[PDB]
Amino acid sequence: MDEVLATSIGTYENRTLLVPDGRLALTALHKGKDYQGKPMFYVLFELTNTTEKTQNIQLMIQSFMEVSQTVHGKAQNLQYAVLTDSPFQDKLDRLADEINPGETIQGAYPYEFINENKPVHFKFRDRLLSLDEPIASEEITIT
């Protein structure tokens, strides 16, 4: 026992996240505009519901990939970003819709981008007994 992360299960590379809970796969992140026609970002990922439930989707993504930026000299959990009107309203409703347990699909999950000037710590973890740091991590500069 070399104290492996996530007990050697999931991985993060090749623009894709493999896990037992599901099967996330980054297709192509795209940036947009919100109420302030600036702070806005879309997380284009391929969340495949491997489970057997038709419950909401956000109930899974909230345990798959999390995002947190800096503010007031501390780290905060980036929540759903509000926007007036965007073309990606279809994939957006996903968070407020159900999933396809056993089918191949994808969706999105935008959040507060006010800190567009700051890097977005793209982390990936899951309830697979980790504790000692998430499955992985990588910083990216979008927008």
# chains A, B, ... in the order shown; residues from 1 in each chain; ligands from 1
>>> residues_around(residues="residue 11 in chain A", least_positions_apart="6", cutoff="9 Å", atoms="only C-alpha atoms", output="list in words")
residues 17, 18, 19, 124, 135 and 136 of chain A
>>> write_last_selection(atoms="N, CA, C and O atoms", output="PDB file, in the first residue's frame")
ATOM      1  N   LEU A  17     -12.117  12.246 -18.469  1.00  0.00           N
ATOM      2  CA  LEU A  17     -12.092  11.776 -17.089  1.00  0.00           C
ATOM      3  C   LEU A  17     -12.804  10.434 -16.957  1.00  0.00           C
ATOM      4  O   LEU A  17     -14.016  10.340 -17.156  1.00  0.00           O
ATOM      5  N   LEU A  18     -12.045   9.397 -16.618  1.00  0.00           N
ATOM      6  CA  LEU A  18     -12.604   8.060 -16.457  1.00  0.00           C
ATOM      7  C   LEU A  18     -12.886   7.761 -14.987  1.00  0.00           C
ATOM      8  O   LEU A  18     -12.018   7.928 -14.131  1.00  0.00           O
ATOM      9  N   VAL A  19     -14.107   7.317 -14.704  1.00  0.00           N
ATOM     10  CA  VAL A  19     -14.503   6.991 -13.339  1.00  0.00           C
ATOM     11  C   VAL A  19     -15.639   5.974 -13.324  1.00  0.00           C
ATOM     12  O   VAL A  19     -16.390   5.832 -14.288  1.00  0.00           O
ATOM     13  N   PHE A 124     -10.482  17.136 -10.662  1.00  0.00           N
ATOM     14  CA  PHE A 124     -11.367  16.006 -10.915  1.00  0.00           C
ATOM     15  C   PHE A 124     -11.241  14.957  -9.814  1.00  0.00           C
ATOM     16  O   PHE A 124     -10.169  14.390  -9.603  1.00  0.00           O
ATOM     17  N   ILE A 135      -8.250  12.953  -7.626  1.00  0.00           N
ATOM     18  CA  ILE A 135      -7.679  12.039  -8.607  1.00  0.00           C
ATOM     19  C   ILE A 135      -6.580  12.718  -9.417  1.00  0.00           C
ATOM     20  O   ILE A 135      -5.606  12.081  -9.816  1.00  0.00           O
ATOM     21  N   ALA A 136      -6.744  14.015  -9.655  1.00  0.00           N
ATOM     22  CA  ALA A 136      -5.764  14.782 -10.413  1.00  0.00           C
ATOM     23  C   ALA A 136      -6.064  16.276 -10.347  1.00  0.00           C
ATOM     24  O   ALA A 136      -6.910  16.714  -9.567  1.00  0.00           O
TER      25      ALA A 136
END
>>> residues_around(residues="residue 31 in chain A", least_positions_apart="5", cutoff="12 Å", atoms="only C-alpha atoms", output="PyMOL selection string")
chain A and resi 37-44+86-88+108-111+113+116+141-143
>>> closest_residue(among="A:75, A:29, A:94, A:84", to="residue 58 in chain A", atoms="only C-alpha atoms")
A:94
>>> residues_around(residues="residue 132 in chain A", least_positions_apart="6", cutoff="10 Å", atoms="only C-alpha atoms", output="list in words")
residues 3, 4, 5 and 6 of chain A
>>> select_by_dssp(residues="chain A", states="alpha helix (DSSP H)", output="PyMOL selection string")
chain A and resi 58-64+89-92
>>> write_last_selection(atoms="C-alpha atoms", output="mmCIF file, in the first residue's frame")
data_model
loop_
_atom_site.group_PDB
_atom_site.id
_atom_site.type_symbol
_atom_site.label_atom_id
_atom_site.label_comp_id
_atom_site.auth_asym_id
_atom_site.auth_seq_id
_atom_site.Cartn_x
_atom_site.Cartn_y
_atom_site.Cartn_z
ATOM 1 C CA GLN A 58 -26.310 18.278 -11.545
ATOM 2 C CA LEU A 59 -26.620 15.691 -8.774
ATOM 3 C CA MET A 60 -23.730 13.890 -10.469
ATOM 4 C CA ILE A 61 -21.552 16.650 -11.917
ATOM 5 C CA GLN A 62 -21.511 18.156 -8.426
ATOM 6 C CA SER A 63 -19.566 15.064 -7.366
ATOM 7 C CA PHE A 64 -17.544 14.600 -10.554
ATOM 8 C CA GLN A 89 -29.623 27.031 -23.559
ATOM 9 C CA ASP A 90 -30.233 23.430 -24.620
ATOM 10 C CA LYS A 91 -27.245 21.889 -22.839
ATOM 11 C CA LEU A 92 -27.803 24.377 -20.016
#
>>> atom_distance(atom1="CA of residue 122 in chain A", atom2="CA of residue 137 in chain A")
5.9 Å
>>> atom_distance(atom1="CA of residue 71 in chain A", atom2="CA of residue 131 in chain A")
24.4 Å
>>> atom_distance(atom1="CA of residue 69 in chain A", atom2="CA of residue 123 in chain A")
11.4 Å
>>> closest_residue(among="A:112, A:21, A:2, A:97", to="residue 50 in chain A", atoms="only C-alpha atoms")
A:21
>>> residues_around(residues="residue 105 in chain A", least_positions_apart="5", cutoff="7 Å", atoms="only C-alpha atoms", output="PyMOL selection string")
chain A and resi 46-48
>>> closest_residue(among="A:36, A:100, A:14, A:8", to="residue 57 in chain A", atoms="only C-alpha atoms")
A:100
>>> select_by_dssp(residues="chain A", states="strand (DSSP E or B)", output="PyMOL selection string")
chain A and resi 11-13+16-18+24+30-31+41-42+45+56+68-70+75-77+98+107+120-124+136-140
